[PDB]
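Participant: There's a structure below that I have some questions on.
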Amino acid sequence: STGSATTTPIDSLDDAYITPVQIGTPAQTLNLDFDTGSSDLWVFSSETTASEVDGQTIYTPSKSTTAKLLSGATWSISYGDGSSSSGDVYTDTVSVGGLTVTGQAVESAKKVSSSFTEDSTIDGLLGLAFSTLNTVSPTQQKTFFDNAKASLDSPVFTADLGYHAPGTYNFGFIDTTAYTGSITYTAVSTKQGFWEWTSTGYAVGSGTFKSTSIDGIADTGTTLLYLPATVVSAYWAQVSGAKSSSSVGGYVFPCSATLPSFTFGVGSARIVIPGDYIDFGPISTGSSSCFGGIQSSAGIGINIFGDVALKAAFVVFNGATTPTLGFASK
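Numbering (PDB author numbering), first residue to last: 1 to 330.
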């Protein structure tokens, strides 16, 4: 089997992407944030505290004839951005772009943190990291991909995120029309439950390539590119007027400035992030100060190849017995 679904930016800055997901019988369609940096499929629901729901579409398990309580199961998650959610668990039928999993754990939120409430466009998350990170207790649950894997034509999914435009998540096949050149595959460590890999270096604009190992995660659920402070400083030093603002919480730059591209290494191959992808607009409405899309990972504890990086490539998440990651230009 295979599946193919369009993913759509939530706003004009590509702050996140939402993909429609069918849950239950008859189908309830929710727009979920596909997150290769986590491993829970959780949704706003009829059980979510009413004051914490503000425009989201909810899953109502009582209206699904295939929903079954996962008795005794609870879940609770906190994300790198400080947001969180928790609740109980049902199993139900979940379909993405034509691909159907029966008995998928659907984690129903009883509580969500303010950032989730305040974002009306995201109805939940669909985790695509390794199932070892799943928070369901007492019995850890499998991700949608893990459940589908054995049935897929090939045990892979791909992320093809658009710049200020829709893109595509495919399951079970590689669309050879969706990228240019070849796909370069690189080793993955699953030791932290992430799609963790090592970039071979970077360049800033037309500058020479610096060969240096950068361990980080391929994370579709993180908006920006977070790299070591040395790398980030080298980038922003090439932008007139850029500075790190402690009050704002990262590098900002005048929108009159021209942003250089940023290249990262995948083996001997190179992915070029165009300068425009690194502009995240005014820090506040009407401000001449713009927020940068490359920021320091110092104090996160890990480097994150988030959407800024991933949307510059066609990315293969290869879930073979020894997982690997593939990157192609497009």
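Every residue gets a Cβ at the ideal spot worked out from N, C-alpha and C, and that includes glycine.
Mapping the DSSP letters down to three states, classify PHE116 as helix, strand or coil.
Facilitator: Here the question's residue 116 lines up with position 116 in the sequence shown. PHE116 falls in the helix class under three-state DSSP.
Participant: Taking residue 372 as the reference, give the member of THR208, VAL272, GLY301, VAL106 with the closest Cα.
Facilitator: The question about residue 372 has no answer, for the chain in this structure spans 1 to 330.
Participant: Assuming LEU32 and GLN104 make a contact with CB atoms under 8 Å, what is their CB distance in whole Å?
Facilitator: Walking along the sequence shown from the start, residue 32 turns up at place 32. Walking along the sequence shown from the start, residue 104 turns up at place 104. At roughly 12 Å, the Cβ-Cβ gap does not stay under 8 Å, so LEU32 and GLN104 are not in contact.
Participant: On the DSSP letters alone, give me the boundaries of the beta strand (DSSP E) that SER78 sits inside.
Facilitator: Position 78 of the sequence shown, counting from 1, holds the residue named residue 78. That run of the beta strand (DSSP E) goes 68-78.
Participant: Candidates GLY293, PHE130, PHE171: which alpha carbon is nearest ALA242's?
Facilitator: If you number the sequence shown from 1, residue 242 lands on position 242. For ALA242, the nearest C-alpha among the options comes from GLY293.
Participant: To test your reading of the DSSP string, which unbroken alpha helix (DSSP H) runs of 4 or more residues are found completely within the region 133-175?
Facilitator: With a minimum length of 4 residues, the continuous alpha helix (DSSP H) runs that stay inside the region 133-175 are 144-148.
Participant: Helix, strand or coil for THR19, going by three-state DSSP, please let me know.
Facilitator: The sequence position of residue 19 within the sequence shown is 19, counting from 1. If DSSP states are grouped into helix, strand and coil, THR19 belongs with the strands.
Participant: Measure how close the beta-carbons of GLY221 and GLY37 come, nearest whole angstrom, since I'm counting them as under 8 Å.
Facilitator: Numbered from 1 along the sequence shown, position 221 holds the residue referred to as residue 221. Numbered from 1 along the sequence shown, position 37 holds the residue referred to as residue 37. Confirmed, about 5 Å.
Participant: Identify the residues that DSSP records as bridge partners of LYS111: which are they?
Facilitator: Within the sequence shown, numbered from 1, the residue matching residue 111 stands at position 111. Beta-bridge pairing links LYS111 to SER86.
Participant: Please say whether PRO166 and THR7 have beta carbons closer to each other than 8 Å?
Facilitator: Here residue 7 refers to the residue found at position 7 when the sequence shown is read from its first residue. Here residue 166 refers to the residue found at position 166 when the sequence shown is read from its first residue. In this structure, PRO166 lies closer than 8 Å to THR7 by Cβ.
Participant: With DSSP collapsed to three states, give me the class of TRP42.
Facilitator: Reading the sequence shown from its first residue, position 42 is the one you call residue 42. Correct three-state label for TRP42: strand.
Participant: So the candidates are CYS290, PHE327, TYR79; which of them puts its Cα closest to the Cα of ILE300?
Facilitator: Position 300 of the sequence shown, counted from the start, is the residue given in the question as residue 300. For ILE300, the nearest C-alpha among the options comes from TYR79.
Participant: Between the region 111-119 and the region 179-193, do at least 3 Cβ pairs fall closer than 8 Å?
Facilitator: Short answer: they don't touch.
Participant: What residue range is occupied by the uninterrupted beta strand (DSSP E) comprising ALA269?
Facilitator: Sequence index remark: in the sequence shown, residue 269 carries index 269 (1-based). Looking at the DSSP string, the run of the beta strand (DSSP E) that includes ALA269 is 269-273.
Participant: Go ahead and label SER211 buried or exposed: buried means 16 or more other beta carbons lie within 10 angstroms of its beta carbon, across all protein chains shown.
Facilitator: As a working mapping, residue 211 is identified with position 211 in the sequence shown. It counts as exposed.
Participant: Which same chain residues end up closer than 7 Å to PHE264 when comparing Cβ atoms and leaving out the 5 residues on each side of it in sequence?
Facilitator: The residue you call residue 264 lines up with position 264 of the sequence shown. Cβ within range, chain order: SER199, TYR202, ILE271, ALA309.
Participant: If contacts are defined as beta-carbon pairs under 8 Å, then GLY127 and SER39 qualify, I think. What distance do you get, rounded to the angstrom?
Facilitator: Position 127 of the sequence shown, counted from the start, is the residue given in the question as residue 127. Position 39 of the sequence shown, counted from the start, is the residue given in the question as residue 39. That pair is a contact at about 4 Å.
Participant: Less than 7 Å between C-beta atoms, sequence neighbours within five positions excluded: which residues of the same chain meet that for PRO20?
Facilitator: By one-based count along the sequence shown, residue 20 stands at place 20. Excluding residues within five positions, the ones whose Cβ falls inside 7 Å are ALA5, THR29, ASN31.
Participant: Is the beta carbon of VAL239 less than 8 Å from the beta carbon of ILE283?
Facilitator: By 1-based counting over the sequence shown, the position of residue 239 is 239. By 1-based counting over the sequence shown, the position of residue 283 is 283. No, the pair does not count as a contact, with Cβ atoms beyond the cut-off.
Participant: To which residues does DSSP link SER1 through a beta bridge?
Facilitator: Position 1 of the sequence shown, counted from the first residue, corresponds to residue 1. The partner list for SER1 (beta bridge, DSSP) is empty, contrary to what the question assumes.
Participant: Answer yes or no: do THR25 and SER46 have a C-beta to C-beta separation smaller than 8 Å?
Facilitator: What you label residue 25 is simply residue 25 of the sequence shown in a count that begins at 1. What you label residue 46 is simply residue 46 of the sequence shown in a count that begins at 1. Contact flag unset, no.
Participant: Do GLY306 and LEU225 count as a contact pair if the criterion is CB distance below 8 Å?
Facilitator: For the purposes of this step, residue 225 is taken as residue 225 along the sequence shown, with counting starting at 1. For the purposes of this step, residue 306 is taken as residue 306 along the sequence shown, with counting starting at 1. Against a cut-off of 8 Å, the Cβ pair of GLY306 and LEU225 comes out as a contact.
Participant: What is the rounded straight-line gap between the Cα of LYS68 and the Cα of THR48?
Facilitator: Translated into the one-based positions of the sequence shown, residue 68 becomes position 68. Translated into the one-based positions of the sequence shown, residue 48 becomes position 48. Each residue's Cα considered, the two are about 18 Å apart.
Participant: Alpha carbon to alpha carbon, how far is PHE280 from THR66?
Facilitator: By 1-based counting over the sequence shown, the position of residue 280 is 280. By 1-based counting over the sequence shown, the position of residue 66 is 66. Whole-angstrom Cα-Cα distance: 42 Å.
Participant: Go ahead and label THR321 buried or exposed: buried means 16 or more other beta carbons lie within 10 angstroms of its beta carbon, across all protein chains shown.
Facilitator: Taking the first residue of the sequence shown as position 1, residue 321 is located at position 321. It counts as exposed.
Participant: DSSP three-state call for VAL232: helix, strand or coil?
Facilitator: Your numbering for residue 232 matches position 232 in the sequence shown. Of the three classes helix, strand and coil, the one that applies to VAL232 here is helix, per DSSP.
Participant: Take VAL266 and list the residues in its own chain whose beta-carbon comes closer than 6 Å to its own, dropping the five residues that flank it on each side.
Facilitator: Working through the sequence shown from its first residue, we reach residue 266 at position 266. Taken in chain order, the residues that qualify are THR184, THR186, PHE327.
Participant: DSSP has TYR185 in a bridge; who is on the other side?
Facilitator: Taking the sequence shown and counting its residues from 1, one reaches residue 185 at position 185. DSSP output for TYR185 lists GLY326 as bridge partner(s).
Participant: Measuring CA to CA, which of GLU196, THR223, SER287, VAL231 is closest to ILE302?
Facilitator: Start at 1 with the first residue of the sequence shown, and residue 302 comes out as number 302. The option with the nearest alpha carbon to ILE302 is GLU196.
Participant: Going by alpha carbons, who is nearest to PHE209 out of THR132, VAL231, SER154, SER131?
Facilitator: Counting from one through the sequence shown, the residue named residue 209 turns up at place 209. Out of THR132, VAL231, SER154, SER131, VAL231 has the C-alpha closest to the C-alpha of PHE209.
Participant: Helix, strand or coil: how does DSSP classify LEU225 here?
Facilitator: Reading the sequence shown from its first residue, position 225 is the one you call residue 225. In this structure, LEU225 counts as strand in the three-state DSSP scheme.
Participant: Assuming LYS311 and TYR163 make a contact with CB atoms under 8 Å, what is their CB distance in whole Å?
Facilitator: Here residue 311 refers to the residue found at position 311 when the sequence shown is read from its first residue. Here residue 163 refers to the residue found at position 163 when the sequence shown is read from its first residue. Contact flag correct, Cβ pair sits at about 5 Å.
Participant: Verify whether the separation of the beta carbon atoms of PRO254 and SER288 is less than 8 Å.
Facilitator: Here residue 254 refers to the residue found at position 254 when the sequence shown is read from its first residue. Here residue 288 refers to the residue found at position 288 when the sequence shown is read from its first residue. Going by C-beta atoms, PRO254 is nearer than 8 Å to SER288.
Participant: Examine the ligand NAP and report whether any of its heavy atoms sits within less than 7 Å of the Cβ of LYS110.
Facilitator: The model depicted lacks the ligand NAP and carries no ligand whatsoever.
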